[PDB]
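This report concerns only the one structure given below.
Number of protein chains: 2
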Amino acid sequence: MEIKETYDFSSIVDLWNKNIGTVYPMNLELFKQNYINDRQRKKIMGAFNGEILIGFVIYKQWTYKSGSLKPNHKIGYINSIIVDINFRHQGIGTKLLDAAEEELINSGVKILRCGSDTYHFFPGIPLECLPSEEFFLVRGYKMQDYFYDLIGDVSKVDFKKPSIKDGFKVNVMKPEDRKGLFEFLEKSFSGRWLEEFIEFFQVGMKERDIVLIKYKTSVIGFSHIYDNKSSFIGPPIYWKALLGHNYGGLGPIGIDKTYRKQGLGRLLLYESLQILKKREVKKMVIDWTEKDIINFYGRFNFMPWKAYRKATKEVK
Amino acid sequence: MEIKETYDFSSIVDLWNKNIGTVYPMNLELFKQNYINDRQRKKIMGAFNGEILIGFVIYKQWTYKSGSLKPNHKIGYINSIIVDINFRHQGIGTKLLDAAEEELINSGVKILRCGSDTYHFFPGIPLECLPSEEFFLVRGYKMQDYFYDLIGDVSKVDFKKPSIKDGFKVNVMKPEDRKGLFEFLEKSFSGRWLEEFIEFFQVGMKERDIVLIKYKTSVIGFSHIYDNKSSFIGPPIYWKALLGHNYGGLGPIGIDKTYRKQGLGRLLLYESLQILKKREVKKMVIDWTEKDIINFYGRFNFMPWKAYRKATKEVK
Ligand SMILES: CC(=O)SCCNC(=O)CCNC(=O)[C@H](O)C(C)(C)COP(=O)(O)OP(=O)(O)OC[C@H]1O[C@@H](n2cnc3c(N)ncnc32)[C@H](O)[C@@H]1OP(=O)(O)O
Ligand SMILES: CC(=O)SCCNC(=O)CCNC(=O)[C@H](O)C(C)(C)COP(=O)(O)OP(=O)(O)OC[C@H]1O[C@@H](n2cnc3c(N)ncnc32)[C@H](O)[C@@H]1OP(=O)(O)O
Ligand SMILES: N[C@@H]1[C@@H](O)[C@H](O[C@@H]2O[C@H](CO)[C@@H](O)[C@H](O)[C@H]2N)[C@@H](CO)O[C@@H]1O
Ligand SMILES: N[C@@H]1[C@@H](O)[C@H](O[C@@H]2O[C@H](CO)[C@@H](O)[C@H](O)[C@H]2N)[C@@H](CO)O[C@@H]1O
C-alpha cells in the first residue's frame, strides 16, 4: 500500500461518489472547477493498492491574498478526506492525514481547519460524516459550533413585499454596475467576498447572477443568485443533483454595515427570491449560514437541510 | 381564528406539504394509514380562518397496551404541529399547543413527548425544524439526545460474506414462522415491537417484509425490510419521495440479548441487505437509530441523513 500524490480527478470523483455520493453527489465539472481554480498552496495525496486509489486527502495552506487581506500562513485546511468503505480501520486515514498535517506544519501552519477553505466543498464536518468527528477528535481537533445549508421551494409560497423607506431600489446587476460593485465590496466586504467576486467573474459568473440594492445611485448591498443557467457552480448549487429540475440558490448576501437593521436585507432577499421565482426556480439552497440567522430566511419558508460542524486543531 | 377539532386529512396534508414538504414530503396514503390505525386516545385540533385551515396539532395519550406492557396514562405525545408560514408569530401555535397540553394534562398526563408516538411521523424534533426548539423550550420542553435516520445506496457497494457460522441461518420469513416469531418477540422484545408486529400484520405487512435469523430451529432475531412493493408503509419509507424509484428501508432489527456482541447482528444485517440488493433496491433508509450504533450500520456504507432531537416536558 503506498501514499503518494495523485492527479487523476476522475478516480477521486468516483471514490467520493461511491462512498458519500448519496448525500454529496459530486461531478467532474464541479470537482475540476473548485480544485483547479483554487489559488492556495494545494495538494491531493492518495492512498493506493497497486494502481488502485483507495483513499485521498485534499489539503491547503492559506498562501493567496483574500481581497485586501494578506494570507495568514498559520492557517491550513483539510478540504476533504475519504477512505474507501472496503479499506476502513486499517490506518489509511491516519496515514493520509499524518502526511498532510506534517507537510502543512513544516510550511508554518499552526491552526488546521476542517473544511471552510476557498473553493471548499464543506463549511465544516458534515452531519452525514458525524462518525468522523471521533476520528478528528483522536488527532486533537476540537469540535466547535455549527453552520447550515437551508432549503426551500420558492415556487410553493408567495410573500408581501416588506416595507422600506424611500430611495432604495433593487435590480439585477448591469454591466455598468461593475465599478460601483467593486468599490462597495472594497469598502464593506473587502476580504473573502471581494476575492470571490474578482475570481468568479473570471471563470463564468455573469451579471445576471448578481442582484444589487442601491440607495439612489450608490450600491449598498448585493446577493449572488443561481439557477440552472448559471455557468459558475457556487456552493448553493454544489448538490444540485439532489434539488430536481429548476434548481437554484442564493448566497452570499450582504448589506453595507451602516445600512443594516432597517429591513433592507429583507427587501433584498425578497426581491432576489422574486427574481428566482420568475425564473421558474423551485427547490433552492441558502448556503453556509449560522444558527442566529436561520430565522431571517425562515420567514421566507427556508428550513435547515444540511449541518456542518466547525472543527479546529491547534498545533502544539 | 377558531380552534376546533378537525379530520380534514387532505387539508392537513396540503398544509404539511406547503410548509415542510421539501424535506418531509407527505402523501395522503401514509397520513391516513398512520392516523386511522393508531389505537391511542388521539385527536387533531385545527386552527381556522373561517373555513380555511391555517394550522394543526395532532396529539395522543398512551392508553393502548404495548405488547406485554399495560398503558401508562401519564405519557402524552405531540405527534406534529405546523402553523402555515403566512400565519406565524400571531399566537396560533401557542393556542394549538395549549389546547393539546390542557386536554392531555386534564386526562392525567405528566410527561409530554415531542414525537416518538405510535404511528409517529418523527422520532423527535427534526433538525430541519431546529427553529421550533426555541418555541418548545420556552414552553417547558427539555432538549435531550439525538436520534438519526441513516441512508445508503445498497446498489453501489459489494460486501464480503461475514465469517460463516455453524447452526445459524438467515432467511425471509415464511407463513409457518408466525408462531415462532411471536414467541420470540414475547421473550426478547415484548413491548413496542411485539405490539407493532401484531398490528402491522393486520394492515398489510407480509411475510416477505420480514427476515429471521435462527440458531438451528429457534428464532433468535429479526429485521423488517421494505421495498417499493411493500404495502405497509413503515418509517424507513415514510420519506420515499426523496429516495428515487427503487427505494427501500430496514428497521427495526433485533437480536436476542443473550446472543449479542458475537457478530450475529452483523450477519442478520448483511443477509437482509443482500435480500434487498437482490430485490433491486438502490437508496434506502435505516430509521430512528441511536448515536452509538451508527458505526454498526456505517460498516455497510450507511450515513446519518436526518436527525431528530428527543424532547420532553414534565408537567409541574
Ligand atoms: C473535512 C472533512 O473531510 S469531513 C469528512 C470526513 N470524511 C468522511 O466522513 C468520509 C467517510 N469516512 C471515511 O472516509 C473514513 O471513516 C475516515 C477518513 C473518517 C477514517 O478513515 P480510516 O482509514 O477508517 O481511519 P483509521 O483507520 O486511520 O482510523 C484511526 C482511528 O480514528 C478513529 N476513527 C476512525 N473512524 C471512526 C468512526 N467511524 N467512529 C469512531 N472513531 C473512528 C478510531 O479511533 C480509529 O482507530 P480504530 O480503527 O482502532 O478504532
Ligand atoms: C413534534 C413536532 O411537531 S416537531 C415540528 C414542529 N413544527 C415545525 O417546526 C413546523 C414549522 N414551524 C411552525 O409551524 C411554527 O413555527 C410553530 C408551530 C413551531 C410555532 O407556531 P406559531 O403560530 O408561529 O407560534 P406562536 O405565534 O404561538 O409563537 C411564536 C412566537 O410569536 C409570539 N407571538 C404571539 N403573538 C404574536 C404577535 N401578535 N406578534 C408577534 N409575536 C407574537 C409568541 O409569544 C412566541 O414567542 P415566544 O416563543 O418567545 O413565546
Ligand atoms: N468567513 C465566513 C463566511 O465565509 C461565511 O459566509 C458564507 O461564505 C460563503 C463563502 O463566501 C458563502 O458562499 C455563503 O453564502 C456565506 N454565508 C460566514 C457564515 O456565517 O462565516 C464567516 O464569516
Ligand atoms: N422505544 C424506542 C424504540 O422504538 C427505538 O427503536 C426504533 O423503533 C422504531 C419503532 O418501533 C423502529 O421503526 C426503528 O427501526 C427502531 N430503531 C429505539 C431507538 O434506539 O429507541 C427506543 O428504544
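Protein chains in written order, with PDB author numbering: chain A, 1 to 316; chain B, 1 to 316. Yeah, the Cβ is synthetic: ideal placement off N, Cα and C, and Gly gets one too.
Point to revise | Option in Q262/B, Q90/B, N27/B, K18/B with minimal Cα separation from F121/B | key: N27/B
Under the three-state DSSP convention, the category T6/B falls into | coil
Next item on the list: Determine, using beta-carbon pairs with one atom in the segment 160–169 of chain B and one in the segment 294–313 of chain B, whether at least three such pairs fall under 8 Å.
Entry: no
Open item on the list: Using only the alpha-carbon positions, how far apart do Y238/B and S231/B sit?
Closed with: 12 Å
Inter-stretch contact at 8 Å, needing at least 3 Cβ pairs: the segment 252–266 of chain B / the segment 95–103 of chain A: no
* How would you write the range of the alpha helix (DSSP H) that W288/A sits in, first residue to last? -> Per DSSP, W288/A belongs to no alpha helix (DSSP H); it is in the beta strand (DSSP E), 283–290.
(Q) If I follow the unbroken alpha helix (DSSP H) through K179/B, where does it start and stop? (A) 178–188
Original post:
Counting only beta-carbon atoms, is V23/B nearer than 8 Å to chain A?
Top reply: yes
**Study point:** Among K316/A, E314/A, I151/A, nearest to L273/A - alpha-carbon criterion
**Key:** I151/A
Does chain B have any CB closer than 8 Å to the CB of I20/A?
yes
* **the segment 139–166 of chain B: positions lying closer than 7 Å to chain A by Cβ** => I151, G152, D153, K156, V157
Exercise. With which residues is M303/B paired in a DSSP beta bridge?
Worked result: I151/B
ask   = Using 8 Å as the Cβ pair cut-off and three pairs as the minimum, do the segment 28–40 of chain B and the segment 1–16 of chain B touch?
value = yes
Quiz item: So what does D227/B bridge to, in DSSP terms?
Solution: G248/B
Give me every residue whose Cβ sits closer than 6 Å to any heavy atom of ligand 1, in chain order.
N19/A, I20/A, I78/A, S80/A, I81/A, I82/A, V83/A, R88/A, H89/A, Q90/A, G91/A, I92/A, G93/A, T94/A, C114/A, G115/A, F122/A, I125/A, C129/A, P131/A, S132/A, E134/A, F135/A, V138/A, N295/B, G298/B
* To do: Please list the partners that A307/A has in chain B, where partner means a Cβ-to-Cβ separation under 9 Å.
  => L127, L130, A307
- Item | Start-to-end residues for the beta strand (DSSP E) that takes in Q61/B | 52–61
Local conformation of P236/B per DSSP, three classes: helix
Hey, which unbroken runs of the alpha helix (DSSP H) at 4 residues or more fall wholly within the segment 103–131 of chain A? none
Skipping 5 residues on each side, what residues in its chain have a beta carbon closer than 8 Å to that of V219/B?
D177, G180, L181, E183, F184, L212, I213
Would you mind working out which of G93/B, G76/B, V138/B sits nearest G115/B, comparing C-alpha positions? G76/B
(message) Less than 7 Å separating the Cβ of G46/A from some heavy atom of ligand 2?
(response) no
Nearest by alpha-carbon distance to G221/B: which of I253/B, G249/B, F200/B, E199/B is it?
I253/B
Note to self: Taking only three categories from DSSP, how would you classify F201/A?
What the structure shows: coil
Review point. Cβ of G55/B within 7 Å of any heavy atom in ligand 2?
Key: yes
Element boundaries [alpha helix (DSSP H), containing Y297/B]: 294–298
key: Inter-residue Cα distance where the pair is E290/A and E134/B   = 15 Å
| task | Rounded to whole angstroms, what's the CA-CA distance from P71/A to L194/A? Just pull it up for me. | result | 14 Å
Which stretch, first to last residue, makes up the beta strand (DSSP E) that contains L212/A? 210–215
Quick one: does the C-beta of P235/A sit closer than 7 Å to a heavy atom of ligand 4? no
What does a CB cutoff of less than 6 Å around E2/B pick up in its chain, not counting 5 residues either side in sequence?
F48
Report task. With a cut-off of 8 Å on the beta carbons, I'd call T312/B and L112/B a contact; round off their distance for me. Result -> 7 Å
Q: Could you check if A241/B is buried or exposed, using at least 16 other CB atoms within 10 Å of its CB as the buried criterion?
A: exposed
Discussion item. Counting only C-beta atoms, is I294/A closer than 8 Å to chain B at any point?
Written reply: yes
| query | Under 8 Å between C-beta atoms, does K95/A make it to chain B? | reply | no
Here's a check: name, in chain order, each residue in its chain whose Cβ is nearer than 8 Å to the Cβ of residue 327/B, leaving out the five neighbours to either side. No answer is possible for residue 327/B: it lies beyond the span of chain B, which begins at 1 and ends at 316.
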